[PDB]
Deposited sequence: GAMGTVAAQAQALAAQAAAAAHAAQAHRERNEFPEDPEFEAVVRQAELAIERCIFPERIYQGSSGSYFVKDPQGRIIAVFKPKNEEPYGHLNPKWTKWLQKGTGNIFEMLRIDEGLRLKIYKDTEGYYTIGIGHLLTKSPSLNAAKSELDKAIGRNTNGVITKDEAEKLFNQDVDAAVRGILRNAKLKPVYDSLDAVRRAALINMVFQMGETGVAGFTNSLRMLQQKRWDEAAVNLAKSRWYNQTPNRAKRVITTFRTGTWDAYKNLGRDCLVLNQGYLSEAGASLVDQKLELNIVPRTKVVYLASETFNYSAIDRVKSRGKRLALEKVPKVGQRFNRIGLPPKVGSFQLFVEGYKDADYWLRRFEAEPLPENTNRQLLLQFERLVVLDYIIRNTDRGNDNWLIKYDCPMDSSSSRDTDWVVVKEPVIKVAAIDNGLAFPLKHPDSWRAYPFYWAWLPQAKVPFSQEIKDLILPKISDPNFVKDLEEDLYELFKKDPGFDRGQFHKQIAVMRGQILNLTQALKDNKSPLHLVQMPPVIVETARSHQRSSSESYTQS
């Protein structure tokens, strides 16, 4: 609640100006180019980027999913479209029964002619197994009504149904849609627990059936729907190596890793609580804000707070110009030294999303002070890192800078002198795991099981990076090393 950071007085000062700006009604404006805002000072100057947890792509208050929110059982349509898909020609389901459109069962007969007959009757014309999308939607609407009708007609199903919330009702409709009224009623045990609100208890013994066994992926989506009562199971059906809704922790974790490695390319990021009318709040929070305690106001949202850096442009922008009109050797070397730090950071944390759009470059054209560098790099948008595992398809989530010509240059001695003494030291790696733990555990949805996997991947990255640095490998040869995890038994 209290954004205090004795370790970092400049950062705490920047946060204070953000709080003061909000009080004077200079609110952070939405970046929108979804859950990110340009935090400003009282003078209107942008001072940081803020990304609240509940507004992330998986966030419950994500403005992108709010449409889904109000509809609610009305989402059974889109829910079933995701589970059933669309096919304009007759096909066999998992049970081997003829089907068409959006999961519309035609018959249990092995005869394709009997199926075509049932189809012609349903559509009202000679289709020969082929229908249009509109015809599929019509049948789909009918099948949905029939599923609801079967529910409300049944004596065993109705009691469980009206006692359920809007979201959990769609889950029951889903089962009735797939198995029918008679079949779903056969789940006497699971139906009772659902009635008594015993969500976890029910989600367990629901997996104890041919339904789960026959179609596990579908069952898992529907069961978790019964468990959590949200639409999370249908938010991102591709497969994900990243944990659910912890992007802010990834943004902060990236800064933590960078600082301990002394990389200094990630603008300082930390977990910060902010309240702002410009943010997306629930209706219940909006109404209560105008109560009298001075008003109660809006609850401060938790999220990642990252300091804004000035003078930078897209890495794509600068790499573009450099490719055309190459930098002088001395400047290009400075650029390469920065690139190496970016490579080390992304590999250790395993950033899945680091295109030339996710890092910035600042190009500016006998003593006790070091002469200032002409070029500098900033690693931004580090919300999609610290994966639970290596991606099933590296092509889907690759290190994009690996395809850059800079990635072919061998690791300099300077980057070796900086990193090797740290990661090769098991005491350093242990403390790093500890710091990440204290940061990650703060999250309510924190899973100790997930964390051990995140660390196993990181330790696997450190293993390859250590040897790659010793062998003077380039970043490209580094990524080409077979990904591995160091798991504890």
Study note, to complete from the structure: Comparing deposited sequence to modelled residues, the uncovered ranges are 1-28, 62-63, 324-336, 409-418, 543-556
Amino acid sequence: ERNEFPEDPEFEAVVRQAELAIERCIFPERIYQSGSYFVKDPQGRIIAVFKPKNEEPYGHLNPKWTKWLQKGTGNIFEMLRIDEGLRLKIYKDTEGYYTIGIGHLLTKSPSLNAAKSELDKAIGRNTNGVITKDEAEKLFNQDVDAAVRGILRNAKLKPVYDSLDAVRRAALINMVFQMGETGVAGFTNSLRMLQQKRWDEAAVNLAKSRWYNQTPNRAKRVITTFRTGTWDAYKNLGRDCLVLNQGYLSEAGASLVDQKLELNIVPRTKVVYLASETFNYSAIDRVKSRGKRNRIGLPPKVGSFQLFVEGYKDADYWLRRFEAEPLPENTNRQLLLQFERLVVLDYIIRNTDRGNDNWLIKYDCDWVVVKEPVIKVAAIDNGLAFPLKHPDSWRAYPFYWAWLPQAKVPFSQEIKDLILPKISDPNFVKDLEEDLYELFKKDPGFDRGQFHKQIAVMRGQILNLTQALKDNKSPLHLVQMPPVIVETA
From here on, numbers count along this sequence of modelled residues.
Practice item. May I ask whether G96 is missing from the deposited models in at least a third of the other compared entries? Key: no
Check your understanding: Would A233 be found without coordinates in at least a third of the other compared entries?
Key -> no
Exercise for review: Determine, for stretches 391-399 and 256-264, which one has the higher mean CA B-factor as deposited.
Suggested key: 391-399
Point to revise | Of 182-190 and 133-141, the one with larger mean CA B-factor | key: 182-190
Point to revise | Highest-ranked of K301, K313, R290, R87 once sorted by CA temperature factor in the record | key: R290
Check your understanding: Per the PDB entry, which option out of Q406, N382, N332, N236 has the greatest Cα B factor?
Key -> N236
Point to revise | CA B-factor placement of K270, once the chain's modelled residues are sorted into thirds | key: lowest
Review point. Going by the entry, which third of its chain does the Cα temperature factor of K53 land in?
Key: lowest
Exercise for review: Determine, from the deposited record, the chain-internal third of the Cα B-factor for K441: lowest, middle or highest.
Suggested key: middle
Check your understanding: What third of its chain's C-alpha B-factors does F428 belong to: lowest, middle or highest?
Key -> lowest
Review point. Ranked by Cα temperature factor within the chain, is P482 in the lowest third, the middle third or the highest third?
Key: middle
